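Protein chains in written order, with the entry's author numbering: chain A, 2 to 292, 327 to 380; chain B, 1231 to 1342; chain C, 560 to 783; chain D, 1217 to 1326. All residues carry an ideal CB built from backbone N, CA and C; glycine is no exception.
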Amino acid sequence: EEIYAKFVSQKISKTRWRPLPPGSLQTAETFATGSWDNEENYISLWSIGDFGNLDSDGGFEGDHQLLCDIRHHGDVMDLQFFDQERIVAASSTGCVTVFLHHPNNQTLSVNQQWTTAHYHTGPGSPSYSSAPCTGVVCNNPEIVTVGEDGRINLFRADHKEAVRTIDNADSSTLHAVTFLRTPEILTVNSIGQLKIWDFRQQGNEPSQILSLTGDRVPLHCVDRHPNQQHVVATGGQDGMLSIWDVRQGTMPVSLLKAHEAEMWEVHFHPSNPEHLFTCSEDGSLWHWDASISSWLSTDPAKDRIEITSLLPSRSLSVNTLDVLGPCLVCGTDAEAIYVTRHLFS
Amino acid sequence: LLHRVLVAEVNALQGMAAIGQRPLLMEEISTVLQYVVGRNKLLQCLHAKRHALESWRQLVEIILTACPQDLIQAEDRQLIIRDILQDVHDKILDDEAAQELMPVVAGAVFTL
Amino acid sequence: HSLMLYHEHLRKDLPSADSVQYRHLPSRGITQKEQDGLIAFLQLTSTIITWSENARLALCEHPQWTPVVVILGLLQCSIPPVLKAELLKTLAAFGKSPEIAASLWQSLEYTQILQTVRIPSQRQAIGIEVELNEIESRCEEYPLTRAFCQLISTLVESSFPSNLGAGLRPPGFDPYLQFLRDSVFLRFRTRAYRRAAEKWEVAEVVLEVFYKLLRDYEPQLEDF
Amino acid sequence: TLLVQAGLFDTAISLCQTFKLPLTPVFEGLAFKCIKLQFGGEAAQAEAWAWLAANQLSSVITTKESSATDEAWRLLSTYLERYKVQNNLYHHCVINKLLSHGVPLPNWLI
């Protein structure tokens, strides 16, 4: 069906759905966003407007209603839900912040904050320099983050300090991070590599490394298939999409062109994961259907992936997406958000 | 359903004695269930005999009400009805004859 | 006695945390010659108890062999998933006798080989919900989860206690159905498979359990 | 161990008395017959009379509310009151056998 765009008069760097109650029969009712490149950046909670109704006096109540906000510090580099009331966000300040929604009040608050999670160092004094925190992933009650400092941190939603830190896991920027298994993560970098880390190991060095062959394509985003802990998808500086089986050598299994630019997020569908979605600095947003899991076929001219642009035009950059049941949302540099309640009609 | 219900009571009898009598209670459930299979055969037979007699009566009454009088003549049409009446009577004048048939039999004897 | 000795040894090398320095190789792991011999004896045992009623009872009743407690105890240890699969099949052949099955249901719930009691501080799950997603989903072969589905597939036809899990959690079956539905079945088309057949060998043994659970259930007003 | 599996418990006790043997397997096995009864469908309750009548319970009139499950609890109570000389071990045994099967302890046993 048609897609309900909204201007919000801030650039949106990140969007996320509110996690549904286990065993409910609701659609995705609420989403959260984070902003970037303002004089003031914010994190906001929104409801999807109800296009089903008019009352006697003819008003269009079908707007994506703002529930509540809170002001941020720096740019909102990455964003994720932690439970059904708490959210975690990264920052250009190297800060990591946990927030709490108050349904009885319609407000946000801070819940906990790590103001120096990421920082660059220098010769012999604790006059640290700000390092952008680039990505965040949650495994409640646990949390992991990456940054320009090449640091990996492990944090906890009951603890104030770091549970573990790993400085200089790269000499370049680390961009994004995901959990393969609860003590076992994967990160991506400025070189064009996937680095795998096990918090059980007492060294700081990586448990495994994967790459492209020689020429450097920085990898900006990563996801890992919901019912295959060994299948990983990454997005390049060029607009390539790479599918990996982390058990089978050092290279991707499947290599596809997705954009004419930097690909900013990639996601498998949380219930339908033979479906995939991607956004980019080429101004486009795409759906991919492929229904061995079809993502691991070495000949996409035999086995299918059938591919749809969800936007009817190209905008200023699409930084982010999220998809939950039939609902999809994306966020842009055109100071705007796009939402559908239905992706299968 | 009858087996499930009778076995539920042979679970609900919480005692000493019931749990020595349980074999005989399952054995008497077996004779009750066999009698009820007999009752189910009887009802399906009394249906089938009566449904066949109703189908036969329907055929006879079309031969009489709907076939042309120039296809069965004034004497052979009478002999056929005189003979059918005598055969339809004796099978209900015999005292083993099922009473469920009498509303079909008298219903035929009337049209005949 | 060999199974009790392996249980006694494997449960004693357990890594006490403070011991962070240069260990040697632990020369106490079962070698393949003992593994494949234990597999042959478990498969012999499983055939015998699959047939003979007398041979399920007169092994479970033995106060010095206690085979259910030794086998569930070995399933908690870091042994290979193939040896765990033939151990689970030996339980699946034992669980034909309803007296054994009723005690086995309580023993499975007590041993958390599927973790029904998830603790609010705990990040990693424990038991077969990790081994399926962190061992079998690396090998691309699924003997442990298929043997667990086969264990539940016997233990439904010998029935389950209505009070299963009481005092530790709400009573009843649905935590096992959540694993079979939401961790096995809804995840059978996602996973990769070294055996192109095993994608279907997994589907058989889960849809059998669901079929049995809908065959023998008749609706009652208390369900509502 | 064989008499305990059959359920011939007072002759197993008589044999423990002629050979000094510990009554612990008798108390554990009677508790395990009570556990099998406490989750037992009606065949396991028909099976029970055939060993309850062997344990000489002939001094009880068959009142028509007498569940087979609880004459087994009554026999186990009577043995825990008859054999007092070592009574820690036989309560510890029965309670450990009930708790290892998740069974709540009877009001009289506590």
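Query raised in the report: From D:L1237, D:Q1233, D:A1247 and D:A1259, pick the residue whose C-alpha is nearest to that of B:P1253; which is it?
Result: Position 23 of the second sequence, counted from the first residue, corresponds to residue 1253 of chain B. When only C-alpha atoms are compared, the closest one is D:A1259.
Requested in this report: Measuring only between beta-carbons, confirm whether D:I1326 sits less than 9 angstroms from chain C.
Outcome: Against the fourth sequence, residue 1326 of chain D aligns to sequence position 110. D:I1326 does not count as touching chain C.
Query - Three-state class that DSSP yields for A:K258 in the structure shown - result: As a working note, residue 258 of chain A is residue 257 in the first sequence. Note: A:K258 maps to strand in three-state DSSP.
Report task. For A:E275, I'd like the list of residues in its chain whose CB is within less than 7 angstroms of its CB, leaving aside the five on either flank, ordered along the chain. Result -> One-based indexing of the first sequence puts residue 275 of chain A at position 274. Excluding its 5 nearest sequence neighbours in each direction, A:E275 has C-beta neighbours in its own chain below 7 angstroms: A291, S292, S328 and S329, listed in chain order.
Requested in this report: Find the residues of chain D that neighbour C:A661, judging by a C-beta separation of less than 7 angstroms, and give them in chain order.
Outcome: Numbered from its first residue, the third sequence carries residue 661 of chain C at position 102. Proximity of chain D to C:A661 at the Cβ level (cut-off 7 angstroms) is accounted for by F1255, in chain order.
Query - Exposure label - A:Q11; buried when at least 16 CB within 10 Å - result: The count along the first sequence starts at 1 and reaches residue 11 of chain A at position 10. So A:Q11 ends up on the buried side.
Query raised in the report: Near D:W1267, which residues of its chain fall below 6 angstroms by C-beta distance, leaving aside the five closest residues on each side in sequence?
Result: In the fourth sequence, residue 1267 of chain D corresponds to position 51, counting from 1. The residues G1223, in chain order, have a CB closer than 6 angstroms to that of D:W1267 in the same chain once the five nearest residues on each side in sequence are set aside.
**Report entry** Separation of A:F200 from A:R157, as counted between CA atoms
**Finding:** Position 156 of the first sequence holds residue 157 of chain A. Position 199 of the first sequence holds residue 200 of chain A. Looking at the two C-alpha atoms, the distance is approximately 14 angstroms.
Query - In chain order, each alpha helix (DSSP H) run of at least 4 residues that lies wholly inside the segment 709-749 of chain C - result: 733-737
**Report entry** Positions along the segment 1252-1280 of chain D whose CB lies within less than 7 angstroms of some CB in chain C
**Finding:** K1252 and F1255
Requested in this report: Using a Cβ-Cβ cut-off of less than 8 angstroms, list which residues of the segment 1229-1247 of chain D approach chain C; keep chain order.
Outcome: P1241
Report task. Determine the contact status of A:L378 and A:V353, defining contact as a CB-CB distance below 9 angstroms. Result -> Taking the first residue of the first sequence as position 1, residue 378 of chain A is located at position 343. Taking the first residue of the first sequence as position 1, residue 353 of chain A is located at position 318. Not in contact: A:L378 and A:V353 (Cβ atoms no closer than 9 angstroms).
Query raised in the report: Who are the neighbours of C:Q665 on chain D, taking C-beta pairs under 7 angstroms?
Result: Numbered from 1 along the third sequence, position 106 holds the residue referred to as residue 665 of chain C. Here the neighbours are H1317 and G1318.
Query raised in the report: When the cut-off is 9 angstroms and only beta carbons count, does C:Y669 lie next to chain D?
Result: Here residue 669 of chain C refers to the residue found at position 110 of the third sequence. Closer than 9 angstroms to some Cβ of chain D, the Cβ of C:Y669 qualifies, so yes.
**Report entry** D:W1267 - DSSP class collapsed to helix/strand/coil
**Finding:** Against the fourth sequence, residue 1267 of chain D aligns to sequence position 51. Helix.
Report task. Could you check the C-alpha separation between C:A684 and C:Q674 for me, to the nearest Å? Result -> Here residue 684 of chain C corresponds to residue number 125 of the third sequence, with the count starting at 1. Here residue 674 of chain C corresponds to residue number 115 of the third sequence, with the count starting at 1. C-alpha separation (whole angstroms): 7 angstroms.
Report task. Kindly list the residues whose CB is nearer than 8 angstroms to the CB of A:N141, restricted to its own chain and excluding five residues on each side of it in sequence; keep chain order. Result -> What you label residue 141 of chain A is simply residue 140 of the first sequence in a count that begins at 1. Excluding the 5 residues flanking it on each side, A:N141 has same chain C-beta neighbours closer than 8 angstroms at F83, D84 and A158, in chain order.
Query raised in the report: Where A:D56 and A:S272 are concerned, what is the direct C-alpha to C-alpha distance, given to the nearest angstrom?
Result: Numbered from 1 along the first sequence, position 55 holds the residue referred to as residue 56 of chain A. Numbered from 1 along the first sequence, position 271 holds the residue referred to as residue 272 of chain A. Approximately 36 angstroms between the Cα atoms of the pair.
Query raised in the report: the segment 125-151 of chain A: which residues have C-beta closer than 9 angstroms to a C-beta of chain C, in chain order?
Result: If the cut-off is 9 angstroms between Cβ atoms, the segment 125-151 of chain A has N140, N141, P142 and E143 near chain C.
Query - A:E162, buried or exposed, once every other Cβ within 10 Å from all chains shown has been counted against 16 - result: The sequence position of residue 162 of chain A within the first sequence is 161, counting from 1. Looking at its Cβ environment, which holds fewer than 16 other Cβ atoms inside 10 Å, A:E162 is exposed.
Query raised in the report: Mapping DSSP to helix, strand and coil, what is C:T604?
Result: In the third sequence, counting from the first residue as 1, residue 604 of chain C sits at position 45. Of the three classes helix, strand and coil, the one that applies to C:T604 here is helix, per DSSP.
Query raised in the report: In angstroms, rounded to a whole number, what distance separates the CA positions of A:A33 and A:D70?
Result: Locating residue 33 of chain A in the first sequence gives position 32, counting from the first residue. Locating residue 70 of chain A in the first sequence gives position 69, counting from the first residue. CA-CA distance, A:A33 to A:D70, rounds to 9 angstroms.
Report task. Output yes if chain C places a C-beta closer than 9 angstroms to the C-beta of D:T1285; else output no. Result -> By 1-based counting over the fourth sequence, the position of residue 1285 of chain D is 69. No - not a single Cβ of chain C is within 9 angstroms of the one on D:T1285.
Query raised in the report: Any chance the segment 710-718 of chain C sits against the segment 642-657 of chain C, with 3 or more Cβ pairs inside 8 angstroms?
Result: By the Cβ criterion, the segment 710-718 of chain C is in contact with the segment 642-657 of chain C, since at least three pairs of Cβ atoms, one from each stretch, lie closer than 8 angstroms.
Query raised in the report: Which residues, taken in chain order from the segment 692-720 of chain C, show a beta carbon closer than 9 angstroms to some beta carbon of chain D?
Result: The residues in question are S718 and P720.
Query raised in the report: By Cβ distance, which residues of its chain are closer than 6 angstroms to C:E699, with the 5 residues on each side in sequence left out?
Result: To locate residue 699 of chain C, count along the third sequence from 1; it is residue 140. Non-local beta-carbon contacts of C:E699 in its own chain, meaning distances under 6 angstroms to residues more than five positions away in sequence, involve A751, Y752 and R753 in chain order.
Query raised in the report: Run through DSSP, which three-state label would A:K12 get?
Result: The residue given as residue 12 of chain A occupies position 11 in the first sequence. Three-state DSSP puts A:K12 in a strand.
Report task. Output, in sequence order along the chain, the residues in the segment 202-235 of chain A whose CB is closer than 9 angstroms to any CB in chain C. Result -> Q203, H226, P227, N228, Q229, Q230, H231 and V232
Query - Length-filtered (3 minimum) beta strand (DSSP E) runs lying within the segment 1259-1309 of chain D - result: none
**Report entry** Span separating the alpha-carbon of D:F1225 from that of D:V1242
**Finding:** Here residue 1225 of chain D refers to the residue found at position 9 of the fourth sequence. Here residue 1242 of chain D refers to the residue found at position 26 of the fourth sequence. In a straight line, the C-alpha of D:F1225 is about 6 angstroms away from that of D:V1242.
Query raised in the report: Using a Cβ-Cβ distance under 9 angstroms, would A:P335 count as near chain C?
Result: Residue mapping note: residue 335 of chain A aligns to position 300 of the first sequence, counting from 1. No, A:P335 does not count as interfacial toward chain C.
Report task. Look at C:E757 and C:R705 and say whether their C-beta atoms are less than 9 angstroms apart. Result -> Residue 757 of chain C sits at position 198 when you count from the first residue of the third sequence. Residue 705 of chain C sits at position 146 when you count from the first residue of the third sequence. Contact: yes.
Query raised in the report: Could one say the Cβ of D:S1293 lies closer than 9 angstroms to chain B's Cβ atoms, at least one of them?
Result: Sequence index remark: in the fourth sequence, residue 1293 of chain D carries index 77 (1-based). Not one chain B Cβ lies under 9 angstroms of D:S1293.
Query - Sub-9 angstroms separation of A:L181 and A:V89 beta-carbons - result: Looking up residue 181 of chain A in the first sequence gives position 180. Looking up residue 89 of chain A in the first sequence gives position 88. Not a contact, by the Cβ cut-off of 9 angstroms.
**Report entry** Where the alpha helix (DSSP H) through B:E1291 begins and ends
**Finding:** On the second sequence, residue 1291 of chain B is found 61 positions in, with the first residue counted as 1. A1248 to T1295 is the span of the alpha helix (DSSP H), which, as asked, contains B:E1291.
Query raised in the report: Under the rule that 16 or more other beta-carbon atoms within 10 Å means buried, what is A:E149, buried or exposed?
Result: Locating residue 149 of chain A in the first sequence gives position 148, counting from the first residue. Buried, because 16 or more other Cβ atoms sit within 10 Å of the Cβ of A:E149.
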